[PDB]
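> Below you'll find the structure I mean.
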Amino acid sequence: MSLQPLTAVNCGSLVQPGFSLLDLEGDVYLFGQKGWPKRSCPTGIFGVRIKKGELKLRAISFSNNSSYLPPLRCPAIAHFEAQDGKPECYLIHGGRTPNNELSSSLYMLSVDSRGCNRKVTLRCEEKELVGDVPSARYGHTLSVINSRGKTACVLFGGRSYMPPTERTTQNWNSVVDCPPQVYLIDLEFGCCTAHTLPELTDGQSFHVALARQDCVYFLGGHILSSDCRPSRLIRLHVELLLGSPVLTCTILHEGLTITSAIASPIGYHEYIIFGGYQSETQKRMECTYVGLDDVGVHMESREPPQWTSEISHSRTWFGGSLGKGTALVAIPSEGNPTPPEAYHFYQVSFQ
DNA sequence: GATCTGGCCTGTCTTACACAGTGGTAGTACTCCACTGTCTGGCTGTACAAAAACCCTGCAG
Ligand SMILES: [Ca+2]
């Protein structure tokens, strides 16, 4: 629980406030970049390295038989555990296009090989969605669950632009909470199913969810319709029966008022929720620790690593999970004139 | 310790971005001075005729 100011040696204008961090098979891969893929790296995905505070960003590449992806803005992420038939998978859907727009498409990502010089080759595959597909949305959450004993995907949350009939020029950029009906997805086949929940009467965004032993727990839960940040955690439990995937839900009395959190898994289930915003302008300073058992969530705090007055006074911030007690956060920087490297970086560590 | 190779640096070539706006100066194409004498067409006192659109009336249905 201590921070360290970094400096990106170069390439300090390709990161945008919304983006994703995926640690898979060693190195960390950043997804989502300001502007369309520059011809430096038509991949649109960067390898990251942290050497003596220096932030180094390398170019990556996919296969020939791989699909090429638009750099989604703030998609949903799922770390599908390494198993048959294809270990290990990263399921993404569906973010916002840098050409400002949504894609209800769903991508599956894996690693291919190495090096031959420690270089990393990747592979992307779209999936047609037999559904009952959820329309395009963003800020939602996708998760993986393993129920008796097969693997399925749970999709819930997020908002979207106006319904297409109500798409109004002067209400175009506005966005309303997508209706609260969860979606169950088999990775194969891409048969998507919709399901209703009589207790989840409202959509929500940016609520970091967690999955464990085919049981899902939603923390956070900021909502537009009521301007509320209901701390109350939401648990649900699914049993994958053929062909009725039975589903149940339940309210928890207490969770936490977190919005767009950064989740670092340190142990197999020792998680720390790092930061976000506790109120509409009041960012969350403190850290929080959650132990995740079949008993459930178990809550505690840690010491908040002292934020230098720069970040502690900065209006907004964000970051991602470098993983394993380590995470990255960024600060919108000022200047006269702008450097224009307007983002400082704090590498934060647990223990 | 020899070898190799992706990734990085230098140098390269290409597409953008401020330079308007303000005053003094000059050539130059377009317009009233005075002097003129003349003509048309509005003005004016009533009386005379000609159109116009209705309102009554009368015959007709
Ligand atoms: Ca210009």
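> Picking from A:120, A:89, A:187, whose Cα lies most toward the positive end of the charge dipole for chain A (charges on Cβ: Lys, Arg +1; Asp, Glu -1)?
Highest projection toward the positive end goes to A:120.
> If you average the alpha carbon positions of the range A:152-214 and of the range A:248-272, how far apart do those two centres end up, in angstrom?
Using only Cα atoms, the two centres lie 19 Å from each other.
> Determine the calculated [θ] at 222 nm for chain A from helices alone, applying -39500 (n - 2.57) to every DSSP H run no shorter than 4 residues and normalising by the residue count; nearest 500 deg cm²/dmol. Before the final figure, lay out the partial values.
Values: 1 runs with 5 residues, N = 351.
Per the formula, -500 deg cm²/dmol.
> Can you check how the C-alpha radius of gyration of the range A:180-246 compares to 2.2 N^0.38 Å, as a plain ratio?
Values: Rg = 13.3 Å, N = 67, 2.2 N^0.38 = 10.9 Å.
My calculation over the Cα atoms of the range A:180-246 gives 1.23.
> Residues with amide H under 5 Å of residue A:191's amide H, sequence separation 5 or more or different chain, H placed in the peptide plane at 1.01 Å from N; which?
Here the answer is A:130, A:186, since their amide H atoms fall under 5 Å of that of residue A:191.
> Let me ask you something else. Could you check how many percent of all C-alpha pairs in chain A are farther apart than 29 Å? Spell out each step's value before the answer.
Values: 24272 of 61425 pairs.
Above the 29 Å cut-off, chain A has 40 percent of its Cα pairs.
> Going by average Cβ neighbours within 10 Å, how do the peptides A:11-17, A:161-167, A:197-203 rank, with the highest at the top? Mind showing how you got there, number by number?
Values: A:11-17: 16.9, A:161-167: 11.4, A:197-203: 13.6.
Peptide ranking by packing, descending: A:11-17, A:197-203, A:161-167.
> Suppose the Debye formula is applied to equal point scatterers at every Cα of the range A:214-274; what is log10 I(q)/I(0) at q = 0.30 Å⁻¹?
-1.18
> Just tell me which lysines come within less than 21 Å, Cα to Cα, of residue A:34; anything on the same chain fewer than 8 places away is out.
Partners found: A:56.
> Using the alpha carbon gyration tensor of the range A:120-213, what are the three equivalent-ellipsoid semi-axes (square root of 5 times each eigenvalue), largest first, in whole Å? Could the numbers behind the result be given before it?
On the way: eigenvalues 135, 61, 37 Å².
Semi-axes, largest first: 26, 17, 14 Å.
> Applying the Karplus parametrisation 6.51 cos²θ - 1.76 cosθ + 1.60 with θ = phi - 60° to the phi angles of the range A:335-344, what ³J(HN,Hα) value in whole Hz is obtained for each residue in order, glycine and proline being reported as x?
For the range A:335-344, the Karplus curve yields x, 8, x, 5, x, x, 6, 8, 9, 8 Hz.
> Per the Cauchy relation, a quarter of the hull surface: what is the mean projected area of the convex hull of the alpha carbons in the range A:245-351, in nm²? Provide the component values of the computation, followed by the final result.
Working: hull surface 37.1 nm².
Computing the convex hull of the Cα atoms and averaging its projections yields 9.3 nm².
> Further, regarding this structure: Whole-Hz ³J(HN,Hα) for each residue in the range A:121-131, computed from phi via Karplus 6.51 cos²θ - 1.76 cosθ + 1.60 with θ = phi - 60°, x for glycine and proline: what do you get?
9, 10, 9, 10, 9, 6, 10, 4, 10, 6, x
> Given the peptides A:339-348, A:72-81, arrange them by the average over their residues of other C-beta atoms within 10 Å, most packed first. Can you show the working numbers first?
Numbers: A:339-348: 16.8, A:72-81: 21.3.
The peptides rank, most packed first, as A:72-81, A:339-348.
> Here's something else I'd like to know. So if I place +1 on the C-beta of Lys and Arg and -1 on the C-beta of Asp and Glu, and nothing else carries charge, what would the dipole magnitude of chain A be about its Cα centre? I want it in debye, nearest 20.
Working: 30 positive and 33 negative charges, 239 e Å.
Value, rounded to 20: 1140 debye.
> A further question follows. Name the residue farthest towards the positive end of the dipole of chain A from the options A:176, A:338, A:306, assuming +1 on Cβ of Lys and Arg, -1 on Cβ of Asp and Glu, about the Cα centre.
A:338
Values in this text are rule-based calculations from the coordinates and carry no lab data. With ideal geometry, Cβ positions are generated from the backbone for all residues, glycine too; neighbour counts draw on all protein chains shown.
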